[PDB]
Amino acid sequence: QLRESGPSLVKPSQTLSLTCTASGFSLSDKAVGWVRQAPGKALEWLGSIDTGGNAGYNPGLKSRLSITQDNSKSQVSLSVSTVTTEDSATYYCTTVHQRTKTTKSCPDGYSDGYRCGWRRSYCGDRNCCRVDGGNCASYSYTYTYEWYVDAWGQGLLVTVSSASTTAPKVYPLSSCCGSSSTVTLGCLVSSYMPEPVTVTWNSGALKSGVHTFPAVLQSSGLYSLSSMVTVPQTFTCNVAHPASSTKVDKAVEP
């Protein structure tokens, strides 16, 4: 399990800095990469740092990227300088496989000696010779660049914007007076910006019957989401808005 940590909001022209840690294994033995996906766009490679300390980057973004690592604390960092609204994306920490395979071969219809006749002595050691069935030919070299992502983090949403942060107001939700066998409760996370917001119930001890909904966007720019639970007892929803450093544990009573 890979965990990305960093700011949820960053201003234009600032430097976006993220860190990646692994839970369950050590990042010292693995090559660690960074992948992002802007909303409404495709996946985009950023870069990686391998076991040998070498760093490779997306060439189109190389001048704005810096990927370093710490092997004492088992941590990998990512830096994106002079961020703009195009840099708003979900950022994934990954472990990647990276290898370059070289293959040496004589050209078609050429050999390293067999059935070359007089051409074996004439072509020499460095070159291949023509087979019965030009007179000489040099070795061809084919390179296979092997790359793929082994493990994926869950991703950290980063919004770049000059707009202010508004903390949410958390309100308890419950049915009216007037019954049903399975009581349905909820929590309203009202009027916050920017995304994201996380909601758990009873400090994560309650997961069965929980349904947290995606947020609505009002014309004022503020978001609102709700999370409901169905229970066939104390219920507390844990709301966290990292952009405003707000954390509210709202008790919900029928």
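Numbers follow the displayed sequence, beginning with 1.
Trainee: Relative to the deposited sequence, how many residues with no modelled coordinates occur between residue 133 and residue 134 (none, 1 to 3, 4 to 9, 10 or more)?
Mentor: In the record, 4 to 9 residues between residue 133 and residue 134 lack coordinates.
Trainee: Should the segment between residue 232 and residue 233 be described as having none, 1 to 3, 4 to 9, or 10 or more unmodelled residues of the deposited sequence?
Mentor: Gap between residue 232 and residue 233: 4 to 9 residues without coordinates.
Trainee: Using only the Cα atoms and their B-factors as the entry lists them, report which of 211-219 and 48-56 averages higher.
Mentor: Per the deposited B-factors, the answer is 48-56.
Trainee: Report the stretch with the higher mean CA temperature factor, choosing between 141-149 and 104-112 on the basis of the entry.
Mentor: Taking the mean B-factor of the alpha carbons in each, 104-112 is higher.
Trainee: Maximum C-alpha temperature factor per the entry, among 185, 67, 43, 27, belongs to which one?
Mentor: The listed residue with the largest C-alpha B-factor is 27.
Trainee: Among 94, 88, 98, 74, which residue carries the highest C-alpha B-factor recorded in the PDB entry?
Mentor: Comparing C-alpha B-factors across 94, 88, 98, 74, the top value belongs to 74.
Trainee: When the deposited Cα B-factors of this chain's modelled residues are ordered and cut into thirds, is residue 227 in the lowest, the middle or the highest one?
Mentor: Within its chain, residue 227 is a lowest-third residue by C-alpha B-factor, going by the deposited values.
Trainee: Residue 238: which third of its chain by C-alpha temperature factor?
Mentor: Within its chain, residue 238 is a lowest-third residue by C-alpha B-factor, going by the deposited values.
Trainee: Comparing residue 158 with the other modelled residues of its chain, is its CA B-factor in the lowest, middle or highest third?
Mentor: Lowest third - that is where residue 158 ends up once the chain's C-alpha B-factors are sorted.
Trainee: Test of reading the entry: by CA B factor among the chain's modelled residues, which third contains residue 35?
Mentor: For residue 35, whose C-alpha B-factor we compare with every modelled residue in the chain, the answer is the lowest third.
Trainee: Looking at the C-alpha B-factor of residue 205, is it in the lowest, middle or highest third of its chain?
Mentor: Answer is highest: the recorded C-alpha B-factor places it there.
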